[PDB]
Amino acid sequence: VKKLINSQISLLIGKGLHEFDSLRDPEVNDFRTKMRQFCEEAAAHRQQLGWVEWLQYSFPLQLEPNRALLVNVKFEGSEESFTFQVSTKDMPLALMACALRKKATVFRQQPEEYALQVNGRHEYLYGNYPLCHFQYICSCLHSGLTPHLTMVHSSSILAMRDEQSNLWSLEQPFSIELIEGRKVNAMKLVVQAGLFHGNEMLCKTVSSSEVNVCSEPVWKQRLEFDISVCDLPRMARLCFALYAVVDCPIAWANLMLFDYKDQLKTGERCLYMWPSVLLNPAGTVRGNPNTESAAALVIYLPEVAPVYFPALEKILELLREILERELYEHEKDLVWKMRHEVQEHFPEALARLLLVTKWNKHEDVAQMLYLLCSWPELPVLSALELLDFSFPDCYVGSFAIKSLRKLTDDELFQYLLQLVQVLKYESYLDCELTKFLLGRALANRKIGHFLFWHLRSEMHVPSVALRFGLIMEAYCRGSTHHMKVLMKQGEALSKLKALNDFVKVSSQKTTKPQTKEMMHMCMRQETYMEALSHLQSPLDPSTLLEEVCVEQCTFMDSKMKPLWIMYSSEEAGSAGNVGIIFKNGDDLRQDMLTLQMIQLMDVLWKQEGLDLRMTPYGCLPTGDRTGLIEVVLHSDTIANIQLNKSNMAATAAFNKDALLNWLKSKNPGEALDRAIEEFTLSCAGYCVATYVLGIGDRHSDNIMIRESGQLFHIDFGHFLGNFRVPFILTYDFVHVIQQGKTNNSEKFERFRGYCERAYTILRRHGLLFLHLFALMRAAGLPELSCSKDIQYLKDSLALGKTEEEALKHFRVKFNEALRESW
């Protein structure tokens, strides 16, 4: 029984559970035990929940950040439905009450017992909220489509829950014996060694003696550091760098001076080094698992006796305003002097105080930790800044989580990608961040779905494969049913990869209609038909990919031959006519990050009352250079619309009219007025979005138009001006904005106003963009690798200037794009 679950986890995570045992590591074994129990206890509480509370887990509410409408309602065991005339201000309970009264007149004879399931979707309508606050109703309100809902009784929901169950004394300096190496290179070898506490040094780096390349080099040298053993912070990091000199970097390796049990490491240690692109403190504290080819560094941690880092009770036992808006030595001394006044009057300034404290002097740390243990809870924004590698202390790490508990399931979902990357900065497997991540994942099925995929997509990277595999296993222990649900998704993606491999080969050997017909024949096979059907969309668990519409499936002509997979659902009808894009060969992490950042911009705008009709379509990396994209139906690229093909309704005399004529054929008469507003709003939003994010390499092939008039951008191959990029304005768009007139200044000044507003709103939450992009440096992304990358945002947002100076600077950049526009 349990054996099947193990073999299931192994296949799902893509790593055998025997691999964890084979290492014979007690840190791993202790993580597996402690977290399993934690996740099994998390699974237990879930079984003793209420039916509404279970709906809050399985299907969390999709809400938005008067006027009547038609709504179709049916009951679970019947085809017969009723169409009502409800208001957008109505609660689902009133709609549920109408459905029960209309059932009673048909059947010839309480709303609080039911829930409204969205037809052919893992979405529900409940809670004291008006219908126009629900994301599904709003999708139906703007498109004009009729919403279809199903009355699901408390007993049927409770049936689902049931079928889905399971010390200061050591004053000598820190020193090490650098014994020998086992590397490969072309010259002499030097071992540079430093002691770090996050981004900064505890003492100055000490180098080794130049020993000839004759690999398998021997030093047997005693390296001393200008720091006392008693001064070593709990999270102290000993970092090594091996390089060739007559500079050529060869490899790097880091290790924690204390273990997971808080004991100071002593003795002989073999360090399997990682290849180099000089000293890398941010890099992993675990060795290269490629012991076969990886270079090794033999070092000795000298004994000082068993010494454990002191417990919290022992640690606890032992012109100010003008600068508080990078600081000189005298200024640092000021903040440390008036450290008590910071706790009392500037709690949010905790970050600046944590950076001025001398972590290389243990008495200074104890005083800081004493202030931290009695420090007031920080706002979510400040707690996000504290998760950065700049704050490596465990007690600091704990404080950040403590302040992040007030995060809503909506807020946490938005920053989940960033919180997952931060796991790479973690020094030990058992951490307060994982316990928080798992805890929230097991209390919300949507959080858990995306936690899984964010971890599973990185299993091909050896440095994080152990950590992630272990996290994903603990999650599976807490959710046996979800593990199976996730397995179905993996089976589909497995088949998609093989089908794509065929398409890739065939496209080089025959014509497109021939390859297309054989993709279809391959899809129609029993194993393919069964695997590609009846699964929760990995891009959105609430979207159900039911029957695969094989005839409507195809592939794309770009280098990587991306797959176009279409679906259909009877129950959902038109909300079940969903499409996905499978791409293999390109890394989709940046694309996801860019779409998430655009998705947040849209949230920050919608909170301020402004809806710039953005298209935040899904993008999810799933494996090694593998991922998915959400199809935006009834949309086409600018280029395809501009190709002005014959026999069509969009016959344009001039190129500038290509877009407007297309919108005319898709929006007739009084429908076009709406489409032009949709275009103007979305154009304004994407103009500011692309400018702030610094998206380059823009052409008619990567800009798309919805049939509703809504403009959007695809394929974000380059961001932060990494190819300083300017604002972009195209004559064909200005023409649409101006309703198809050479001079329509009033429609353009309104457009210029949408840009300024969007720009001012983003600037107010500028720090939110800085803190998130700073945590994203942990991903490895080459275009977001250093501080110079972060600098583009500081400039594009102008966060060191006043609103009047920044709005003027924006007008200058807007005028430079208008002049460049032909």
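Start at 1 with the first residue shown and count on from there. Think of the rigid core as the biggest set of C-alphas that the two forms share within 1.5 Å after superposition.
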property: Higher-deviation stretch (C-alpha RMS, rigid core fit) in 9 other deposited structures of this protein, choosing from 177-185 and 144-152; result: 177-185
property: Higher-deviation segment by CA RMS in 9 other deposited structures of this protein, core fitted, 283-291 or 135-143; result: 135-143
property: Residue gap status of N500, at least a third of other entries; result: no
property: No coordinates for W336 in a third or more of the other PDB entries; result: no
property: Interval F723-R724, deposited residues with no coordinates in the entry (none, 1 to 3, 4 to 9, 10 or more); result: 4 to 9
property: Interresidue gap class [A305, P306; deposited sequence, unmodelled]; result: 1 to 3
property: Stretch with the higher entry mean CA B-factor, where the candidates are 440-448 and 366-374; result: 366-374
property: Residue stretch of maximal mean CA temperature factor, 466-474 vs 655-663; result: 655-663
property: Highest-ranked of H142, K484, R456, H520 once sorted by CA temperature factor in the record; result: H142
property: Deposited CA B-factor, highest of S506, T105, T690, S479; result: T105
property: Chain thirds of CA B-factor: placement of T802; result: highest
property: Ranked C-alpha temperature factor of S558 among modelled chain residues, by third; result: middle
property: Third assignment of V28 from its chain's C-alpha B-factors; result: lowest
property: CA B-factor placement of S635, once the chain's modelled residues are sorted into thirds; result: lowest
property: Position of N185 among the chain's modelled residues by C-alpha B-factor, lowest, middle or highest third; result: highest
